[PDB]
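Colleague: Return atomic coordinates for the entry below.
(4 chains, ligands or ions: 1)
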Amino acid sequence: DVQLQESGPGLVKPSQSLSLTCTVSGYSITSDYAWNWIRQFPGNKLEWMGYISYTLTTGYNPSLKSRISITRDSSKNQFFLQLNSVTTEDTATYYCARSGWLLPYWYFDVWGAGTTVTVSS
Amino acid sequence: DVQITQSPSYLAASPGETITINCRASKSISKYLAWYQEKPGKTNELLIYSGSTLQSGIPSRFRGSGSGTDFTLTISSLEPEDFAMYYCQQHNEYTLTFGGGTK
Amino acid sequence: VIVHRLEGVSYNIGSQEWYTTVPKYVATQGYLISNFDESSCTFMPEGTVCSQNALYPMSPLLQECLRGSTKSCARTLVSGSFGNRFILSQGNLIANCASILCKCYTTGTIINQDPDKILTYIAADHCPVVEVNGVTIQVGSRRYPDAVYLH
Amino acid sequence: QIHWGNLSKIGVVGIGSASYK
Ligand SMILES: *[C@@H]1O[C@H](CO)[C@@H](O)[C@H](O)[C@H]1NC(C)=O
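Modeller: Numbering: from 1, shown residues only, chains lettered A, B, ... in the order given. Dropping the coordinates below:
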């Protein structure tokens, strides 16, 4: 069935952009639905960042909006994340999830295995 | 300014009894609340979405409830494999807010 | 700049059936929106590289329909030409059951659409497998309201 | 900006989207 297994570099240095890639396998990303990046801080607190719908409409979390951006690809069934100006407390585990693009009924059905991003010397 | 506060940060359990987890908000979000179960080493599985609807394939033990601001989550006949962290998420407006953990 | 292709299903205000004749292709630029002129070129899987394309016309009337205000959008009586009557979006069937004999094979019960409701967004919270004059159309969890209010 | 929420009520559902150079 539909599965999502992301990957990326988790050794980013402070004050440079990060990179996160999610490889949606089993279902095309341009058919429908909305694709999300969720991260949980150390302390089990979860925060929501931004969405890439099946169309090219996009909104972000207002807190992270000034330094976040979501992309995608068509030939490769992937959608990425470029978040620059990384501060000290951006370390977390970033998750990949699928939800509907309508509000309400914005619940996440399939989730990614997760990956660890650390910001340190 | 939607903030979701999950009260029972810790809860004991034994195989064969019912346990109730709660969540609270600050602004009315109708019945829109969801419940996710996080077993270690696996992907998060939604259990109850808006209202009290069982997700397809989820056992009938879990039972959502609640409306307006205060919701609950009822698990009946706890099997030894039903131990994980249950979060709650409001999906009525933007700034989609989750809740604290539970054991 | 973005390109969109659109599909629609007729909506019934009571006994009669109506359908909105929005343009087939609408192009957006985030800050700007305009109808796609001709789309007389091949769409490759890599993306959109139209060998024959030019600037697109502008029209405040039809464009404002896609801006969310449906009060002054396209409108067409489709009693003679029924056209599209059911579509699958988000895994939740969208059907105009007021004029199509939609049924659920979970129990064989008929789905009732009343004049106060225009479109029924059948989901799996009330119909796990749906069957409109055909075979199993497996429907996933809810993503849409169960119906749309008349007002 | 195409508000996909209001177009869905009148039956208009986006079926495909992409970008061109
Ligand atoms: C959608 O229609 C409703 C009801 O008329 C209206 O209040 C709302 O503003 C419309 N959506 C947008 C984005 O304007």
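Colleague: how about the strands of the chain, start to end?
Modeller: With no chain named, the answer covers chain A. A:3-7, A:20-25, A:34-40, A:46-53, A:58-60, A:78-81, A:92-99, A:108-111, A:115-117 (DSSP state E).
Colleague: Oops, wrong one, chain C.
Modeller: Listed in chain order, the strands of chain C (DSSP E) span C:2-7, C:18-19, C:25-28, C:33-35, C:76-77, C:86-89, C:92-95, C:103-104, C:117-120, C:129-131, C:137-138, C:147-149.
Colleague: how far is the fifth one from where the chain is centred?
Modeller: Distance of strand C:76-77 from the chain centroid (C-alpha atoms, centre = their mean, to the nearest Å) equals 15 Å.
Colleague: which stretch among the strands of chain C comes nearest the ligand?
Modeller: For these, proximity to the ligand was assessed by C-beta to the nearest ligand atom; strand C:147-149 is nearest, at 9.6 Å. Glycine gets a C-beta too; all of them are placed from N, C-alpha and C.
Colleague: hmm, who's touching that closest one?
Modeller: C:11, C:113, C:116, C:117, C:118, C:119, C:120, C:121, D:9 (C-beta atoms under 8 Å, 6 or more residues apart in numbering or on different chains).
Colleague: Would you mind checking which of those is nearest to residue B:49?
Modeller: Relative to residue B:49, the closest of the contacts of strand C:147-149 is residue C:121; by C-beta to C-beta it sits at 14.9 Å.
Colleague: Tell me which residues touch the spatially closest residue to the closest one that is not a sequence neighbour, please.
Modeller: Computed as C-beta to C-beta, 6 or more residues apart in numbering or on different chains, the closest residue to residue C:121 that is not its neighbour in sequence is residue C:144, at 3.6 Å. For residue C:144, the contact set (C-beta under 8 Å, 6+ apart) comprises A:102, A:105, C:89, C:90, C:92, C:94, C:121, C:123, D:8.
Colleague: Would you check that the fifth one makes contact with residue C:145?
Modeller: In this case it means residue C:92. No: counting by C-beta atoms under 8 Å, residue C:92 stays clear of residue C:145, with 9.9 Å between them.
Colleague: Please enumerate the shared neighbours of the two.
Modeller: Between them, residue C:92 and residue C:145 share the contacting residues residue C:121, judged by C-beta under 8 Å, 6+ apart.
Colleague: more crowded one of these two?
Modeller: The residue with more neighbours, out of residue C:92 and residue C:145, is residue C:92; 24 against 17, by other C-beta atoms under 10 Å in any protein chain shown.
Colleague: Return the distance of the more buried one relative to chain A.
Modeller: To chain A, residue C:92 is 9 Å away according to C-beta to the nearest C-beta, to the nearest Å.
Colleague: out of everything not next to it in sequence, what's closest to whatever residue of chain B ends up closest to chain C?
Modeller: The nearest approach of chain B to chain C comes at residue B:53, 5.1 Å away (C-beta to the nearest C-beta). Among residues not flanking residue B:53 along the chain, residue C:125 sits closest, at 5.1 Å (C-beta to C-beta, 6+ apart).
Colleague: burial measure for that neighbour, as a count.
Modeller: Using other C-beta under 10 Å: residue C:125 sits among 17 other residues.
Colleague: hang on, the earlier thing: ok, the residue of chain B closest to chain C touching residue C:146?
Modeller: No: contact criterion C-beta under 8 Å: residue B:53 and residue C:146 do not qualify, at 11.9 Å.
Colleague: Give me the more crowded residue out of those two.
Modeller: residue B:53 (19 against 13).
Colleague: check contacts around that one.
Modeller: Contacts for residue B:53 (C-beta under 8 Å, 6+ apart) come out as B:64, C:125, C:141, C:142.
Colleague: Out of these, flag the one nearest to the ligand.
Modeller: Closest approach between these and the ligand, by C-beta to the nearest ligand atom: residue C:142, at 20.3 Å.
Colleague: How about the closest one: what's its closest non-neighbour residue?
Modeller: residue C:123 (3.8 Å).
Colleague: Nearest to the spatial middle of chain A, which residue is it?
Modeller: By C-alpha atoms, centre = their mean, chain A has its centre lying nearest to residue A:37, at 2.4 Å.
Colleague: Domains in chain C, by residue range?
Modeller: Domain assignment for chain C by automatic domain parsing gives C:1-84, C:85-151.
Colleague: just those domains: most buried one?
Modeller: domain C:85-151 (a mean of 17; mean count of other C-beta atoms under 10 Å in any protein chain shown).
Colleague: Would you work out how far apart the start and end of it are?
Modeller: 22 Å (C-alpha to C-alpha, to the nearest Å).
Colleague: What is the distance between that domain and the centre of its chain?
Modeller: 14 Å.
Colleague: and that domain, does that touch the ligand?
Modeller: No: using C-beta under 6 Å from any ligand atom, domain C:85-151 stays clear of the ligand, with a minimum separation of 9.1 Å.
Colleague: Which element, helix or strand, includes the residue nearest the centre of chain B?
Modeller: The residue lying closest to the centre of chain B (C-alpha atoms, centre = their mean) is residue B:35, at 3.4 Å. Here residue B:35, judged by DSSP states H and E, is contained in strand B:34-38.
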